[PDB]
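Undergrad: model-v1.tsv is reproduced below (TSV, C-alpha atoms).
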```
chain	number	residue	atom	x	y	z
F	3	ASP	CA	-25.66	-11.43	25.15
F	4	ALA	CA	-22.37	-9.82	24.13
F	5	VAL	CA	-22.61	-7.83	20.89
F	6	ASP	CA	-20.86	-9.62	18.01
F	7	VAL	CA	-18.57	-7.95	15.48
F	8	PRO	CA	-20.75	-6.12	12.92
F	9	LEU	CA	-20.49	-6.43	9.17
F	10	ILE	CA	-19.85	-2.92	7.90
F	11	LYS	CA	-20.60	-2.35	4.22
F	12	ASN	CA	-21.19	1.38	4.61
F	13	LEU	CA	-19.04	3.89	6.45
F	14	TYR	CA	-18.74	7.54	5.50
F	15	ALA	CA	-16.15	10.11	6.49
F	16	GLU	CA	-17.44	13.43	7.84
F	17	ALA	CA	-15.03	16.28	8.50
F	18	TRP	CA	-16.18	18.33	11.50
F	19	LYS	CA	-17.12	21.95	10.97
F	20	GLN	CA	-15.27	22.63	14.22
F	21	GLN	CA	-11.47	22.50	14.40
F	22	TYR	CA	-8.61	22.82	16.85
F	23	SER	CA	-7.16	26.00	15.33
F	24	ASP	CA	-4.53	28.71	15.81
F	25	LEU	CA	-2.04	26.03	16.78
F	26	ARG	CA	1.71	26.08	16.10
F	27	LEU	CA	2.41	22.52	14.95
F	28	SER	CA	5.53	20.80	13.69
F	29	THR	CA	5.69	19.67	10.07
F	30	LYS	CA	9.01	17.83	10.40
F	31	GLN	CA	9.33	14.42	8.74
F	32	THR	CA	9.10	11.32	10.94
F	33	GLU	CA	8.54	7.55	10.65
F	34	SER	CA	5.34	7.68	12.73
F	35	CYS	CA	1.78	8.96	12.25
F	36	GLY	CA	2.78	12.13	14.13
F	37	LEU	CA	0.03	12.69	16.68
F	38	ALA	CA	-1.38	10.80	19.64
F	39	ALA	CA	-4.65	10.85	21.56
F	40	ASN	CA	-6.32	9.05	24.42
F	41	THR	CA	-9.83	9.50	25.82
F	42	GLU	CA	-8.97	12.94	27.26
F	43	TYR	CA	-5.93	14.46	25.54
F	44	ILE	CA	-4.32	15.10	22.18
F	45	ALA	CA	-0.52	15.19	21.84
F	46	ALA	CA	0.97	17.16	18.95
F	47	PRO	CA	4.66	18.06	18.44
F	48	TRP	CA	4.96	21.85	18.60
F	49	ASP	CA	6.70	24.18	16.15
F	50	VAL	CA	9.63	25.33	18.27
F	51	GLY	CA	13.33	25.90	17.77
F	52	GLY	CA	15.68	23.61	19.66
F	53	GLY	CA	14.49	20.71	21.79
F	54	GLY	CA	11.27	18.94	20.90
F	55	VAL	CA	8.11	20.16	22.57
F	56	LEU	CA	4.80	18.38	22.78
F	57	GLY	CA	1.59	20.38	22.84
F	58	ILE	CA	-1.08	18.78	25.02
F	59	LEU	CA	-4.69	19.67	24.20
F	60	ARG	CA	-7.92	18.46	25.76
F	61	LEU	CA	-9.94	16.47	23.22
F	62	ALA	CA	-13.14	18.14	24.45
F	63	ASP	CA	-11.85	21.71	24.17
F	64	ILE	CA	-12.26	22.16	20.44
F	65	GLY	CA	-12.08	25.59	18.81
F	66	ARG	CA	-9.74	28.54	18.39
F	67	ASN	CA	-6.54	29.03	20.41
F	68	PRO	CA	-7.22	26.19	22.88
F	69	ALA	CA	-5.24	25.74	26.09
F	70	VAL	CA	-1.98	24.06	25.11
F	71	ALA	CA	0.02	22.56	27.96
F	72	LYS	CA	3.70	21.89	27.19
F	73	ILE	CA	6.00	18.91	27.55
F	74	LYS	CA	9.69	19.80	27.12
F	75	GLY	CA	12.72	17.81	28.36
F	76	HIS	CA	13.64	16.63	24.85
F	77	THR	CA	16.93	17.93	23.45
F	78	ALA	CA	16.07	17.01	19.85
F	79	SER	CA	12.96	16.41	17.73
F	80	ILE	CA	10.14	14.09	18.74
F	81	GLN	CA	9.90	11.02	16.49
F	82	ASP	CA	6.97	9.21	18.09
F	83	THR	CA	4.41	9.70	20.84
F	84	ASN	CA	1.94	7.27	22.42
F	85	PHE	CA	-0.41	7.45	25.38
F	86	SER	CA	-0.61	4.52	27.77
F	87	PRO	CA	-3.48	2.14	27.01
F	88	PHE	CA	-4.48	2.20	30.68
F	89	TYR	CA	-3.39	5.34	32.52
F	90	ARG	CA	-4.90	8.59	31.34
F	91	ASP	CA	-2.03	10.76	32.56
F	92	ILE	CA	0.82	8.62	31.21
F	93	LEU	CA	2.49	8.85	27.82
F	94	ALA	CA	5.79	8.09	26.15
F	95	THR	CA	7.89	9.97	23.62
F	96	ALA	CA	10.73	8.72	21.44
F	97	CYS	CA	13.36	11.34	20.64
F	98	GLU	CA	16.13	11.92	18.11
F	99	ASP	CA	18.50	12.30	21.07
F	100	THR	CA	18.13	8.50	21.59
F	101	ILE	CA	16.11	8.77	24.81
F	102	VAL	CA	12.63	7.39	25.48
F	103	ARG	CA	10.83	9.50	28.09
F	104	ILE	CA	7.81	8.49	30.17
F	105	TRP	CA	5.64	11.42	31.20
F	106	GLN	CA	2.98	11.89	33.88
F	107	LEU	CA	0.53	14.76	33.35
F	108	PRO	CA	-0.90	16.58	36.38
F	109	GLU	CA	-4.49	15.95	37.51
F	110	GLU	CA	-5.54	19.28	36.00
F	111	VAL	CA	-3.98	20.18	32.64
F	112	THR	CA	-4.24	23.89	31.80
F	113	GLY	CA	-2.60	26.29	29.36
F	114	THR	CA	0.06	27.07	31.99
F	115	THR	CA	0.97	23.43	32.62
F	116	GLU	CA	4.62	22.69	31.85
F	117	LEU	CA	6.32	19.30	32.09
F	118	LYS	CA	10.13	19.23	32.11
F	119	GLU	CA	10.98	16.10	34.10
F	120	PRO	CA	9.91	12.63	32.94
F	121	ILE	CA	8.90	10.09	35.59
F	122	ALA	CA	11.18	7.63	33.79
F	123	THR	CA	14.10	8.26	31.44
F	124	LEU	CA	14.94	5.18	29.36
F	125	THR	CA	18.51	5.38	28.05
F	126	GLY	CA	20.81	3.14	26.01
F	127	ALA	CA	19.76	3.40	22.37
F	128	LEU	CA	22.76	4.27	20.19
F	129	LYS	CA	20.88	6.22	17.50
F	130	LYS	CA	17.60	8.10	17.18
F	131	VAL	CA	14.58	6.23	18.47
F	132	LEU	CA	11.74	6.04	15.98
F	133	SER	CA	8.95	4.33	17.88
F	134	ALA	CA	7.63	3.85	21.39
F	135	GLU	CA	4.72	1.42	21.67
F	136	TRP	CA	2.93	0.24	24.79
F	137	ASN	CA	1.92	-3.36	25.28
F	138	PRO	CA	-1.89	-3.46	24.94
F	139	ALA	CA	-2.35	-6.11	27.66
F	140	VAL	CA	0.48	-5.58	30.13
F	141	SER	CA	1.12	-2.63	32.38
F	142	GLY	CA	4.59	-1.15	32.26
F	143	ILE	CA	5.83	-2.93	29.13
F	144	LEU	CA	7.01	-0.84	26.17
F	145	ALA	CA	8.88	-1.52	22.92
F	146	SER	CA	11.15	1.04	21.25
F	147	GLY	CA	12.55	0.81	17.74
F	148	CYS	CA	15.87	2.43	16.91
F	149	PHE	CA	17.25	3.77	13.63
F	150	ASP	CA	20.19	1.36	14.10
F	151	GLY	CA	17.88	-1.67	13.82
F	152	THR	CA	17.47	-2.45	17.53
F	153	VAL	CA	14.12	-3.21	19.08
F	154	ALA	CA	14.43	-2.61	22.82
F	155	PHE	CA	11.90	-3.93	25.31
F	156	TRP	CA	11.44	-1.99	28.53
F	157	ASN	CA	9.89	-2.60	31.92
F	158	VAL	CA	9.24	1.07	32.67
F	159	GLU	CA	8.43	0.35	36.33
F	160	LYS	CA	11.93	-1.02	36.93
F	161	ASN	CA	13.64	1.11	34.29
F	162	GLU	CA	14.86	-2.19	32.87
F	163	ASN	CA	15.72	-2.95	29.25
F	164	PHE	CA	15.00	-6.64	29.74
F	165	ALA	CA	15.41	-7.77	26.13
F	166	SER	CA	16.73	-6.41	22.86
F	167	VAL	CA	16.83	-7.70	19.31
F	168	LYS	CA	18.97	-6.08	16.62
F	169	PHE	CA	18.36	-6.29	12.89
F	170	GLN	CA	20.94	-5.24	10.32
F	171	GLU	CA	18.81	-2.45	8.79
F	172	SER	CA	16.85	0.49	10.21
F	173	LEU	CA	13.40	-0.01	11.71
F	174	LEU	CA	10.42	1.57	9.92
F	175	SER	CA	7.58	0.37	12.14
F	176	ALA	CA	6.98	-1.69	15.27
F	177	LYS	CA	3.60	-2.83	16.59
F	178	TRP	CA	2.28	-5.18	19.29
F	179	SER	CA	-0.11	-8.09	18.84
F	180	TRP	CA	-3.43	-7.59	20.62
F	181	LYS	CA	-2.50	-10.79	22.46
F	182	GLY	CA	0.42	-8.83	23.91
F	183	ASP	CA	2.95	-11.61	23.33
F	184	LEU	CA	4.56	-10.75	19.98
F	185	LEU	CA	5.87	-7.65	18.25
F	186	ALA	CA	5.98	-7.15	14.49
F	187	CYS	CA	8.36	-4.75	12.81
F	188	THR	CA	9.44	-3.72	9.34
F	189	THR	CA	13.01	-2.90	8.37
F	190	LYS	CA	14.67	-1.14	5.47
F	191	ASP	CA	15.74	-4.48	3.97
F	192	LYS	CA	12.04	-4.92	3.08
F	193	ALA	CA	11.58	-7.55	5.78
F	194	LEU	CA	8.67	-8.09	8.12
F	195	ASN	CA	10.00	-9.55	11.37
F	196	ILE	CA	8.15	-11.17	14.26
F	197	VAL	CA	9.73	-10.88	17.71
F	198	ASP	CA	9.08	-12.74	20.96
F	199	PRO	CA	10.41	-10.46	23.72
F	200	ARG	CA	10.03	-12.94	26.58
F	201	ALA	CA	12.17	-15.39	24.57
F	202	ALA	CA	14.34	-12.55	23.25
F	203	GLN	CA	14.28	-14.05	19.77
F	204	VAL	CA	13.14	-13.47	16.20
F	205	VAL	CA	10.46	-16.08	15.55
F	206	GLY	CA	9.74	-15.20	11.94
F	207	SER	CA	10.95	-13.14	9.02
F	208	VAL	CA	9.82	-12.68	5.43
F	209	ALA	CA	10.36	-10.32	2.51
F	210	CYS	CA	7.01	-8.51	2.62
F	211	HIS	CA	7.23	-6.13	-0.38
F	212	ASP	CA	9.69	-5.92	-3.28
F	213	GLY	CA	9.78	-2.17	-3.96
F	214	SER	CA	12.34	0.14	-2.35
F	215	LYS	CA	10.27	2.58	-0.29
F	216	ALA	CA	9.13	2.03	3.28
F	217	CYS	CA	6.97	-0.88	4.43
F	218	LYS	CA	4.72	-0.43	7.47
F	219	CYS	CA	2.87	-2.99	9.57
F	220	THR	CA	0.23	-3.46	12.20
F	221	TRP	CA	-1.45	-6.49	13.76
F	222	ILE	CA	-4.91	-7.59	12.69
F	223	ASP	CA	-5.78	-10.08	15.43
F	224	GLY	CA	-7.97	-9.03	18.37
F	225	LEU	CA	-11.75	-9.39	18.37
F	226	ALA	CA	-12.51	-8.80	14.70
F	227	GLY	CA	-9.23	-10.08	13.32
F	228	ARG	CA	-7.52	-13.46	13.13
F	229	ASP	CA	-5.05	-14.89	15.63
F	230	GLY	CA	-1.44	-14.31	14.69
F	231	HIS	CA	-2.27	-12.29	11.58
F	232	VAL	CA	-0.28	-9.20	10.58
F	233	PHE	CA	-1.01	-6.56	7.92
F	234	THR	CA	1.62	-4.75	5.83
F	235	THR	CA	1.69	-1.88	3.37
F	236	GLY	CA	4.55	-1.32	0.99
F	237	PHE	CA	5.58	-0.97	-2.60
F	238	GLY	CA	5.70	-3.43	-5.48
F	239	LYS	CA	8.56	-3.88	-7.94
F	240	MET	CA	7.03	-1.09	-10.04
F	241	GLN	CA	6.74	1.14	-6.95
F	242	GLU	CA	2.95	0.85	-6.83
F	243	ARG	CA	1.40	0.91	-3.35
F	244	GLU	CA	0.15	-2.47	-2.18
F	245	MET	CA	-0.76	-4.47	0.91
F	246	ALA	CA	-0.59	-7.97	2.32
F	247	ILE	CA	-2.07	-10.11	5.07
F	248	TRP	CA	0.30	-12.57	6.76
F	249	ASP	CA	-0.26	-15.56	8.98
F	250	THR	CA	2.71	-15.75	11.35
F	251	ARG	CA	2.15	-19.50	11.70
F	252	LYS	CA	2.41	-19.97	7.90
F	253	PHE	CA	4.81	-17.14	7.25
F	254	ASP	CA	6.21	-18.03	3.82
F	255	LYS	CA	3.74	-16.17	1.62
F	256	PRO	CA	0.86	-13.73	2.02
F	257	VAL	CA	-2.57	-15.07	2.86
F	258	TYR	CA	-3.82	-12.16	0.77
F	259	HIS	CA	-2.08	-9.56	-1.42
F	260	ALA	CA	-3.49	-6.63	-3.39
F	261	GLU	CA	-2.52	-3.42	-5.14
F	262	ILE	CA	-3.87	-0.21	-3.57
F	263	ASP	CA	-2.87	2.61	-5.94
F	264	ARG	CA	0.04	4.54	-7.52
F	265	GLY	CA	0.67	7.01	-4.69
F	266	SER	CA	4.12	7.93	-3.37
F	267	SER	CA	3.77	8.15	0.41
F	268	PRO	CA	4.26	5.14	2.66
F	269	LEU	CA	0.91	4.07	4.07
F	270	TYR	CA	0.29	3.83	7.81
F	271	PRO	CA	-2.21	1.06	8.60
F	272	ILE	CA	-4.61	1.66	11.51
F	273	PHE	CA	-6.64	-1.31	12.75
F	274	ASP	CA	-9.86	-1.04	14.74
F	275	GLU	CA	-9.59	-4.42	16.44
F	276	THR	CA	-13.19	-4.18	17.65
F	277	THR	CA	-14.99	-3.77	14.30
F	278	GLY	CA	-12.29	-4.84	11.85
F	279	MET	CA	-12.06	-1.45	10.15
F	280	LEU	CA	-8.63	-0.96	8.63
F	281	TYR	CA	-7.54	2.53	7.60
F	282	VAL	CA	-4.50	3.22	5.38
F	283	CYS	CA	-3.19	6.76	5.61
F	284	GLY	CA	-0.28	8.40	3.81
F	285	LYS	CA	1.33	11.58	5.10
F	286	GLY	CA	1.16	14.14	2.32
F	287	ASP	CA	-1.89	12.47	0.77
F	288	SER	CA	-5.16	14.41	0.70
F	289	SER	CA	-7.21	11.20	1.01
F	290	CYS	CA	-7.54	8.14	3.26
F	291	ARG	CA	-9.18	4.86	2.26
F	292	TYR	CA	-10.47	2.10	4.47
F	293	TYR	CA	-11.39	-1.56	4.41
F	294	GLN	CA	-13.11	-4.00	6.72
F	295	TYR	CA	-11.34	-7.16	7.78
F	296	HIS	CA	-14.28	-9.45	8.49
F	297	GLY	CA	-14.65	-13.21	8.49
F	298	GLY	CA	-10.99	-13.45	7.46
F	299	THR	CA	-11.66	-11.46	4.29
F	300	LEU	CA	-10.60	-7.90	3.46
F	301	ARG	CA	-13.24	-5.74	1.74
F	302	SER	CA	-13.02	-2.18	0.43
F	303	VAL	CA	-15.58	0.07	2.10
F	304	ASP	CA	-14.95	3.72	1.26
F	305	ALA	CA	-12.54	6.63	1.55
F	306	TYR	CA	-12.02	10.06	3.07
F	307	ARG	CA	-11.31	12.63	0.36
F	308	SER	CA	-10.18	16.25	0.55
F	309	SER	CA	-8.02	18.84	-1.21
F	310	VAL	CA	-5.71	19.38	1.77
F	311	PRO	CA	-2.77	17.04	2.54
F	312	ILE	CA	-2.50	15.08	5.77
F	313	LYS	CA	0.63	16.43	7.51
F	314	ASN	CA	0.33	14.25	10.60
F	315	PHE	CA	-2.49	12.24	12.12
F	316	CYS	CA	-3.75	9.82	14.71
F	317	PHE	CA	-6.98	8.04	15.58
F	318	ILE	CA	-8.76	8.29	18.92
F	319	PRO	CA	-9.42	5.30	21.16
F	320	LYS	CA	-12.67	3.35	20.80
F	321	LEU	CA	-13.73	4.39	24.31
F	322	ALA	CA	-13.77	8.01	23.15
F	323	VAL	CA	-16.12	7.72	20.15
F	324	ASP	CA	-19.56	9.33	20.07
F	325	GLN	CA	-21.91	6.35	20.22
F	326	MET	CA	-25.09	8.35	19.72
F	327	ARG	CA	-23.75	9.49	16.33
F	328	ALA	CA	-22.90	5.94	15.23
F	329	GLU	CA	-19.29	7.10	15.15
F	330	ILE	CA	-16.99	4.06	15.14
F	331	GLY	CA	-13.69	5.86	14.60
F	332	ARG	CA	-12.23	9.36	14.43
F	333	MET	CA	-9.10	10.68	12.78
F	334	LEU	CA	-7.39	13.85	13.91
F	335	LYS	CA	-5.81	15.25	10.76
F	336	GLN	CA	-3.13	17.97	10.94
F	337	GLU	CA	-3.60	20.48	8.14
F	338	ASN	CA	-0.56	22.67	7.48
F	339	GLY	CA	0.96	23.86	10.76
F	340	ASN	CA	-2.03	25.47	12.47
F	341	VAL	CA	-5.09	23.17	12.34
F	342	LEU	CA	-6.21	19.79	13.64
F	343	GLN	CA	-9.23	18.64	11.64
F	344	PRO	CA	-11.39	15.89	13.11
F	345	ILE	CA	-12.87	13.34	10.71
F	346	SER	CA	-15.63	11.04	11.95
F	347	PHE	CA	-16.24	7.63	10.41
F	348	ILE	CA	-19.94	6.95	10.73
F	349	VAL	CA	-22.20	4.05	9.84
F	350	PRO	CA	-25.26	5.49	8.08
F	351	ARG	CA	-28.46	4.50	9.84
F	352	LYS	CA	-32.07	5.59	9.40
F	353	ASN	CA	-32.49	6.68	13.02
F	354	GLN	CA	-29.49	8.96	13.49
F	355	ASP	CA	-30.55	9.76	17.06
F	356	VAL	CA	-30.83	6.37	18.77
F	357	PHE	CA	-28.13	4.03	20.03
F	358	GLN	CA	-27.09	1.50	17.39
F	359	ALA	CA	-26.14	-1.27	19.82
F	360	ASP	CA	-25.03	-3.67	17.10
F	361	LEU	CA	-22.11	-1.40	16.15
F	362	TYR	CA	-20.36	-1.56	19.53
F	363	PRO	CA	-18.91	-4.87	20.69
F	364	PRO	CA	-16.98	-4.92	23.99
F	365	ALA	CA	-14.15	-2.42	23.51
F	366	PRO	CA	-10.60	-2.62	24.86
F	367	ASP	CA	-10.76	-1.32	28.44
F	368	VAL	CA	-8.32	0.90	30.30
F	369	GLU	CA	-7.38	-2.00	32.60
F	370	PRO	CA	-4.37	-4.23	31.98
F	371	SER	CA	-5.23	-7.95	31.76
F	372	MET	CA	-1.82	-8.85	33.19
F	373	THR	CA	0.77	-7.39	35.53
F	374	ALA	CA	4.34	-7.43	34.21
F	375	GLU	CA	5.14	-10.15	36.74
F	376	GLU	CA	2.26	-12.33	35.49
F	377	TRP	CA	3.33	-11.79	31.88
F	378	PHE	CA	6.94	-12.79	32.61
F	379	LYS	CA	5.60	-16.01	34.15
F	380	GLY	CA	4.33	-16.82	30.64
F	381	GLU	CA	0.68	-15.85	31.01
F	382	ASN	CA	-1.39	-14.75	28.03
F	383	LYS	CA	-4.64	-13.38	29.43
F	384	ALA	CA	-6.78	-11.77	26.72
F	385	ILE	CA	-7.18	-8.00	26.97
F	386	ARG	CA	-9.90	-6.74	29.25
F	387	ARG	CA	-13.00	-5.33	27.57
F	388	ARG	CA	-15.88	-3.04	28.46
F	389	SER	CA	-19.29	-2.84	26.83
F	390	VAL	CA	-19.80	0.92	26.65
F	391	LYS	CA	-23.23	2.47	26.40
F	392	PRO	CA	-24.40	6.11	26.33
```
Represent the structure of the file as structure tokens.
TA:
Amino acid sequence: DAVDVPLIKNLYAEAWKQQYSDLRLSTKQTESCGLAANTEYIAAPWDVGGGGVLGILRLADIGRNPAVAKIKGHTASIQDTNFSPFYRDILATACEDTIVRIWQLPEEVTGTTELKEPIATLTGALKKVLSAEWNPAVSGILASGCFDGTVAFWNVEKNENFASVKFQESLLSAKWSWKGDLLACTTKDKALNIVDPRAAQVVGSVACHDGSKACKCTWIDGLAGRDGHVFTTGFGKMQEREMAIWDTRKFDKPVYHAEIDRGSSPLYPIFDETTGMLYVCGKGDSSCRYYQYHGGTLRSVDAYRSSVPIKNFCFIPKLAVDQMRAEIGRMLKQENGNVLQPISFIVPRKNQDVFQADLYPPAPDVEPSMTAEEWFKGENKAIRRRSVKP
């Protein structure tokens, strides 16, 4: 009686009237989406001189001049931030000073909360670290991508860099399979690379786009996707923005390739593994368009449109969406340096005030399917899921 993945032909973007406002946010350039959120908190790099500071807001406390807790410690700018998939109080930052820091928030986060000491300080990268991504199935496992081309895999529990793989060119993105076994990354040589950390080897590589500007990837397996499939954005030979779907088991040519538009910003792909919604967002763009990956086919659905550029952004976890509103996803959009603007993505339904059960398959839960020790033994237990209801 599990709810199956819905076909979504209609999905509209609704900007909230409410905002997180009177903030002091960074507008520095990075190679990541810029923000992070879990079911409770929002992380946003703060506009400060000197070492990077993360503002920590409560998702629920929307409005003017909200309580902003502070995470310091960094000695340079923050390049990437990600909350743990499992532990509400745990997050990681990647920093220009080459250090990845693991943070543990207090039980009660207030406007006077200040974090200076990480619970784990992961050292060794030779240049600025550009990504820090948690394994979606395994507790304590993190991948970090370095400007020097190194992907470093960490067991944060043991403070152990247990595997590393170095490419010749700088990393531009790094993302985990929903199976938790493989990492995909893009590099400046226009390559999409597949990495097996437990084998410490590159198990696939292909030229993914022929233009010069930055390619970005994410996995599109999981519940709604297809096993071993990866999605890329990039630029064609004429510098048009385009995308491709790749099968890592038949990794010589795209399964699917299409032009998107003639924009200039690299596009960050965001996959909702539970419904198959696939958002492509460019920093500096005033619009965001989305597709559904369903039945192995990609279909255009709709787009968010505004007259205000996206400076930074992130999406909230599935567990956090408002089910009674038929909300399936939500973007937090930084506008200028002082506002976070929520955007709901809603399936239009006649009865806008009753639970649309068919829209909510079992969502990724906040429980790891494997311990690190189990994973290193070669296990591949599918992620744990929870059927959420209001």
Undergrad: Find the residues near residue 363 in chain F: any atom within 7 Å, counting all atoms listed in the file, skip ones fewer than 4 places away on the same chain, and give them as a list in words.
TA: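 Within the cut-off, the hits are residues 4, 5, 6, 7, 276 and 389 of chain F.
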Undergrad: So which one's closest to residue 174 in chain F, F:361, F:246, F:101, F:35? Using all atoms listed in the file, please.
TA: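 For residue 174 in chain F, the nearest of the given residues is F:35.
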Undergrad: May I have a table of the residues of range 323-352 of chain F lying at most 12 Å from range 68-88 of chain F, giving each one's closest pair of atoms and their distance in Å to one decimal, counting all atoms listed in the file, ordered by chain and ascending residue number, as a Markdown table?
TA:
```
| residue | atom | partner | partner_atom | distance |
| --- | --- | --- | --- | --- |
| F:340 | CA | F:68 | CA | 11.7 |
| F:341 | CA | F:68 | CA | 11.2 |
| F:342 | CA | F:68 | CA | 11.3 |
```
Undergrad: Would you mind telling me which residue in F:387, F:296, F:332, F:243 lies nearest to residue 259 in chain F when using only C-alpha atoms?
TA: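 Answer, going by the shortest atom-to-atom distance: F:243.
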Undergrad: Show which residues sit within 12 Å of residue 240 in chain F, as a list in words. Count all atoms listed in the file, and ignore same-chain residues fewer than 5 positions away.
TA: residues 211, 212, 213, 214, 215, 261, 263, 264, 265 and 266 of chain F
Undergrad: At a cut-off of 6 Å, using all atoms listed in the file, what residues contact residue 222 in chain F? Leave out same-chain residues fewer than 4 positions from it and give the result as a list in words.
TA: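 Non-adjacent residues within range: residues 227, 231 and 232 of chain F.
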Undergrad: Choose the residue, out of F:285, F:192, F:60, F:291, that has the smallest atom-to-atom separation from residue 268 in chain F; count all atoms listed in the file.
TA: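 Closest candidate: F:285.
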Undergrad: Which polymer residues have any atom within 7 Å of an atom of residue 151 in chain F, counting all atoms listed in the file, with same-chain residues fewer than 3 positions away left out, as a PyMOL selection string?
TA: chain F and resi 148+168-173
Undergrad: For the atom pair CA of residue 3 in chain F and CA of residue 228 in chain F, what is the interatomic distance in Å to one decimal place?
TA: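 If I compute the distance from CA of residue 3 in chain F to CA of residue 228 in chain F, I get 21.9 Å.
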Undergrad: I want to know what sits within 7 Å of residue 193 in chain F, based on only C-alpha atoms, with residues of the same chain fewer than 3 positions away left out; could you give that as a compact mmCIF listing (two decimals) with C-alpha atoms, in the coordinates of the input?
TA:
```
# COMPACT_ATOMS: atom_id res chain seq x y z
CA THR F 188 9.44 -3.72 9.34
CA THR F 189 13.01 -2.90 8.37
CA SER F 207 10.95 -13.14 9.02
CA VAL F 208 9.82 -12.68 5.43
CA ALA F 209 10.36 -10.32 2.51
CA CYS F 210 7.01 -8.51 2.62
```
Undergrad: One decimal, in Å: what's the spacing between CA of residue 165 in chain F and CA of residue 123 in chain F?
TA: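 Distance between the two atoms: 16.9 Å.
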Undergrad: Of the candidates F:337, F:159, F:49, F:150, which one gets nearest to residue 23 in chain F if we count all atoms listed in the file?
TA: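 Looking at the shortest contact to residue 23 in chain F, the residue is F:337.
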